[PDB]
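The structure appears right after this line, and notes come after that.
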Amino acid sequence: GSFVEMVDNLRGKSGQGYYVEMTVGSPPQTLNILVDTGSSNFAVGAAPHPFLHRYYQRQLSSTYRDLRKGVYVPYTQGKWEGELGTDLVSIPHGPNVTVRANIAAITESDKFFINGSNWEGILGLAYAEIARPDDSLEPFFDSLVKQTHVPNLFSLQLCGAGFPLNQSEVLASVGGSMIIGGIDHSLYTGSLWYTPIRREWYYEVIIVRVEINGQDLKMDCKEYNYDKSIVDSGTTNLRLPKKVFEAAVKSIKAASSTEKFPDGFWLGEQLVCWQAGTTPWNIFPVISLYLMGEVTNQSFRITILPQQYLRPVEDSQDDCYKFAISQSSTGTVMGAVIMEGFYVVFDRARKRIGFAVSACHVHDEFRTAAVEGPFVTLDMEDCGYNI
Ligand SMILES: CN1C(=N)N[C@](CCC2CCCCC2)(C[C@H]2CCC[C@@H](Nc3ccc4ccccc4n3)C2)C1=O
Numbered sequence: 058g059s060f061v062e063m064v065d066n067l068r069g070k071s072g073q074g075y076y077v078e079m080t081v082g083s084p085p086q087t088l089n090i091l092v093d094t095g096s097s098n099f100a101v102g103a104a105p106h107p108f109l110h111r112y113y114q115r116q117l118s119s120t121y122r123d124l125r126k127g128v129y130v131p132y133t134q135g136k137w138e139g140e141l142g143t144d145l146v147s148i149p150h151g152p153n154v155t156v157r158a159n160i161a162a163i164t165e166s167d168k169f170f171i172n173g174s175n176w177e178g179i180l181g182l183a184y185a186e187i188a189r190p191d192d193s194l195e196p197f198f199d200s201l202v203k204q205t206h207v208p209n210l211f212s213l214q215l216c217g218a219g220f221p222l223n224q225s226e227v228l229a230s231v232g233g234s235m236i237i238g239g240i241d242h243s244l245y246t247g248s249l250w251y252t253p254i255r256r257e258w259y260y261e262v263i264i265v266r267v268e269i270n271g272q273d274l275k276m277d278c279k280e281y282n283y284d285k286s287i288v289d290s291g292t293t294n295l296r297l298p299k300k301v302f303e304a305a306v307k308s309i310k311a312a313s314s315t316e317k318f319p320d321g322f323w324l325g326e327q328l329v330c331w332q333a334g335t336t337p338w339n340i341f342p343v344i345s346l347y348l349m350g351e352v353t354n355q356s357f358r359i360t361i362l363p364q365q366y367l368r369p370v371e372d376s377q378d379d380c381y382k383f384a385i386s387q388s389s390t391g392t393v394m395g396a397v398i399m400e401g402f403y404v405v406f407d408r409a410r411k412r413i414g415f416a417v418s419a420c421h422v423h424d425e426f427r428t429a430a431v432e433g434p435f436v437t438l439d440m441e442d443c444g445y446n447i
């Protein structure tokens, strides 16, 4: 129902990440931790780094336990390396519990920390199957559920401001909510619609249809989930498989063809600027992603606006944006810019993910983001990719 203690416990933005305050060790060491549904390790800065003004100091914690095991985590953009151990962990604006959890003390990294992000570690909220070095390293959420009476569910409301936030504003602003163990009804409007979690590794889902202003992209639905489709708060953009990206960008260009944008804009590399307040939202299409429903042959859709997929960036008094839709070779990624339109319920207990219109989504007087259903959709299991 209502979880006032956890409402408004996030800060940050799509491009630098959304983080929650946590404490580690005895006496407690306060750290800001990025909320990542696209990984499964609780990994924190444990050595000086130019982008960190604080880090976890294992030698100062009386409850620290050394697992005498290293961990090496390469990813696309970079890597993080560290030392495994356990310690007592709490979330000050969370449930009133303290858990004994695994912690990867980061001793080396490349393109991991973000300059000016105000976070010092990440909270891998996905399943043990993708935890590093392997699935025996119990993720934080699994420890939390196992050691307390917290229900096996969390929900995220990521609030994009709709305009740039400077260094001081982003520190003073409310970035959203992470509700641990429940659903807070003040964070959304309309109904919650649930899609099944296909498999418990990433929060994997199945997209069954895509529309650009009601026009069906008309691709074989397997293409939408090649090689997977995931909900990931640790990725900025809506990332699409190569072929889907090329078809979607062609359709988005055609719908907005009253204005021509350079190639670098469509490549998500270059900003586009309009005189203050004149952004022509109306020329850009809405994008609808239909997701497999909980009922056989039934789907629902989530609709996003250009206010979600045009990411506000400071240039001048102009209103500037980056195109926050990009190509992927590792399947669809519903990143923070998509999550900003919705209140997202990671219902681990019922192996499903819920979507509802966010009470904090950015819109205009003419259009709103939407979560609607049901729609008759056949052979949805065929939309899932295999091998
Ligand atoms: C997609 N994504 C994600 N959701 N989590 C990770 C790890 C994925 C797991 C998946 C299971 C297997 C192991 C790896 C880590 C990022 C967390 C968010 C901050 C980002 N930091 C970055 C990213 C890019 C950067 C580029 C330039 C400079 C800094 C940067 N900092 C790094 C990732 O790559």
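Under the entry's author numbering, the letters of the sequence shown match residues 58 to 372, 376 to 447, in that order. We treat Cβ as the ideally placed atom computed from N, Cα and C, and that holds for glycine.
Counting only runs that start and end inside the stretch 278-335, the beta strand (DSSP E) elements of at least 3 residues fall at 286-288, 295-298 and 329-331. In the structure shown, the three-state DSSP call for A396 is helix. Of the heavy atoms belonging to ligand 1, at least one sits nearer than 7 angstroms to the Cβ of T292. Between the stretch 293-300 and the stretch 383-390, the count of Cβ pairs shorter than 8 angstroms is three or higher; the stretches touch. The shortest C-alpha to C-alpha distance from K300 to any of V146, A185 and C278 is the one to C278.
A188 is not a Cβ neighbour of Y113, given a cutoff of 8 angstroms. A residue is called buried when at least 16 other Cβ atoms come within 10 angstroms of its Cβ; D93 meets this threshold and is buried. Just measuring C-alpha positions, the residue of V431, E268, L328 and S290 sitting nearest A305 is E268. Annotation: the continuous alpha helix (DSSP H) that includes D199 extends over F197 to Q204. Among the bridge pairs identified by DSSP, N89 is matched with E78. The Cβ neighbour count for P363, taken over all protein chains shown within 10 Å, is at least 16; the residue is labelled buried. If you draw a straight line from the Cα of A104 to the Cα of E165, it comes to about 8 angstroms. In the three-state DSSP reduction, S166 falls in the strand class (E or B).
In the displayed model, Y366 falls within a helix according to three-state DSSP.
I413 has its CB no nearer than 7 angstroms to any heavy atom of ligand 1.
Its chain contains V146, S200, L201 and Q204 as the residues whose beta carbon lies nearer than 6 angstroms to that of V156, once the 5 sequence neighbours on both sides are disregarded; these appear in chain order. Taken atom to atom, the span from the alpha-carbon of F197 to that of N446 is near 29 angstroms. With distances taken between CA atoms, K168 lies nearest to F108 out of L244, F108 and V81. Apart from the 5 residues on each side of it in sequence, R255 sits with its Cβ closer than 7 angstroms to the Cβ of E261, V262, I263 and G444 in its chain, given in chain order.
Between the alpha carbons of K136 and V130 lies a distance of about 6 angstroms. Look at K307: its beta carbon is at least 7 angstroms from all of the heavy atoms in ligand 1.
CA-to-CA, the gap between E316 and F341 works out to about 10 angstroms. Put simply, of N270, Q332, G58 and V352 the residue whose alpha carbon is nearest the alpha carbon of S313 is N270. Taking each of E351, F302 and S376 in turn and checking the Cα distance to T390, the smallest one comes out for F302.
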